[PDB]
């Protein structure tokens, strides 16, 4: 059984509701247990600025699903939740991304684990640090170092 980290984001059609629905669906996956979820953070858009602010979170799961089966399931959840994206780098009702799959490094046709650009994203690293305070990444970097860059972030920690 492996510990995986999933990043969630949305800025369209009631973002908080989209995240709650996605978390419920993830929690119901066969051979998967949702361990904990970070707080929801309202963040400034990365991309064109003429779009709504995003609501972001990171969920921790324990699963027996292989990397590609977990991907299939996350894509199924996005599809059944009616995922819509209005433009590249723009508005989307929901995005589910596998940040980490154990300590494995998977870089193939369908997967990029880890995806290092995501470690430069405040709305990914701050929530991850909240639920995995002493995490050491597959490339040997430590979460406490990575979060330094975002110490002065202006994200709003929502409730609920």
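Residue numbers count along the first chain shown, from 1.
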Ranked by mean Cα B-factor in the entry, 119-127 and 101-109, top stretch is 101-109
Stretch with higher mean Cα temperature factor, 17-25 vs 136-144, is 136-144
Here the Cα B-factor of residue 67, set against its chain, lands in the third termed highest
Sorting the chain's modelled residues by C-alpha B-factor and splitting them into thirds places residue 51 in the middle
Quick tally, chain-level thirds of C-alpha B-factors: residue 30 sits in the highest
